[PDB]
Every structure is written in structure tokens, then in C-alpha cells.
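S.K.: Sharing a structure with you now.
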There are 2 protein chains.
Amino acid sequence: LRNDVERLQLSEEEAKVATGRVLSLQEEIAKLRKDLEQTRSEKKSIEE
Amino acid sequence: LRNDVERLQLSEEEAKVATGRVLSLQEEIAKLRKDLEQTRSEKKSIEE
């Protein structure tokens, strides 16, 4: 049981790290989405 | 020790969920970057 506890703590550390990276990449995705929408609007306006 | 194992196994499940999420977010980052690049190129060509 102690060995299992140690291994799973070693796992939870990576759990927290991965959660933080997920949050960061989600924010980056949101920023990229707004940038893409703005570029699409510019392209459309140039079209008209 | 059993309580610790159960809690840390839940955290390990969170680790797996975060790994899947980070992979999906990386894929969406690539997709957004590609869409932005093509939209920029199209708008530049239309403007020219």
C-alpha cells in the first residue's frame, strides 16, 4: 500500500502539471480563434 | 493507505484526462494556426 501511495503521488504531480498546461493552451486557442475571426473579417471586407 | 491510494488514483485519472485535453488543445492550436495562415494569404492576394 505504501508503494502504491508513492507511485500515485508521483502521478498526481504530473496530473497538476498537465492541468496547468491544458489551461495555458486553452487560453492560447481562444486568442488564436479571435485572431482568425478578425483576419476573416478583414478578408471579407477587402472582398466587398 | 487505502484512502491515500483511492484519492491519488482519482488524481491519476485527472492526469489522464488532462493528457487527453492537452493533446486535443495542441491539435486545435495547429488547426487554428493553419486557418489563420491561409486566411491571411487569401486576404493578401485579394488586396493585391
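We name chains A, B, ... following the order of the C-alpha cells; residues begin at 1 in each chain, and ligands are numbered from 1 as shown.
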For residue 27 in chain A, list every protein, DNA or RNA residue within 12 Å, evaluated using only C-alpha atoms, and leave out those in the same chain fewer than 3 positions away; present the list as a list in words.

M.R.: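 Using only C-alpha atoms, the neighbours found are residues 20, 21, 22, 23, 24, 30, 31, 32, 33 and 34 of chain A; 22, 25, 26, 28 and 29 of chain B.
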
S.K.: Using only C-alpha atoms and a distance of at most 6 Å, pull out the residues of chain B that contact chain A, as a list in words.

M.R.: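 Listing them in order of chain and number gives residues 1, 5, 8, 11, 12, 15, 18, 22, 29, 36 and 43 of chain B.
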
S.K.: For the residues in the current selection, export N, CA, C and O atoms as a short mmCIF file (atom, residue, chain, number, x, y, z; two decimals), in the first residue's frame.

M.R.:
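Final output, saved to result-v9.cif:
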data_model
loop_
_atom_site.label_atom_id
_atom_site.label_comp_id
_atom_site.auth_asym_id
_atom_site.auth_seq_id
_atom_site.Cartn_x
_atom_site.Cartn_y
_atom_site.Cartn_z
N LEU B 1 -3.71 4.01 4.28
CA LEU B 1 -3.03 3.83 3.00
C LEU B 1 -4.03 3.59 1.87
O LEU B 1 -3.83 4.08 0.76
N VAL B 5 -4.45 5.76 -1.46
CA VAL B 5 -4.41 5.15 -2.79
C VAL B 5 -5.63 5.56 -3.61
O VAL B 5 -5.51 5.88 -4.79
N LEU B 8 -5.32 9.31 -4.64
CA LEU B 8 -4.28 9.53 -5.64
C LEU B 8 -4.60 8.83 -6.95
O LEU B 8 -4.16 9.28 -8.01
N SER B 11 -6.66 11.25 -8.66
CA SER B 11 -5.78 12.26 -9.24
C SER B 11 -5.09 11.74 -10.50
O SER B 11 -4.84 12.50 -11.44
N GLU B 12 -4.78 10.44 -10.54
CA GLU B 12 -4.19 9.85 -11.74
C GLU B 12 -5.19 9.84 -12.90
O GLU B 12 -4.81 10.05 -14.06
N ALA B 15 -5.03 13.06 -14.24
CA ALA B 15 -3.84 13.17 -15.07
C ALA B 15 -4.12 12.69 -16.49
O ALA B 15 -3.73 13.34 -17.47
N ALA B 18 -6.29 15.19 -18.27
CA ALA B 18 -5.52 16.37 -18.66
C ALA B 18 -4.61 16.07 -19.84
O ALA B 18 -4.39 16.94 -20.69
N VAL B 22 -4.78 18.10 -23.27
CA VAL B 22 -3.64 18.84 -23.80
C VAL B 22 -3.34 18.39 -25.23
O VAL B 22 -2.99 19.21 -26.08
N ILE B 29 -4.71 24.01 -31.69
CA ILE B 29 -3.75 25.08 -31.92
C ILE B 29 -3.20 25.00 -33.34
O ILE B 29 -3.12 26.00 -34.06
N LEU B 36 -5.54 30.51 -39.80
CA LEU B 36 -5.09 31.90 -39.79
C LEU B 36 -4.13 32.18 -40.93
O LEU B 36 -4.24 33.21 -41.61
N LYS B 43 -6.42 36.93 -47.99
CA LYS B 43 -6.72 38.36 -47.92
C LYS B 43 -5.63 39.18 -48.59
O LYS B 43 -5.92 40.18 -49.25
#
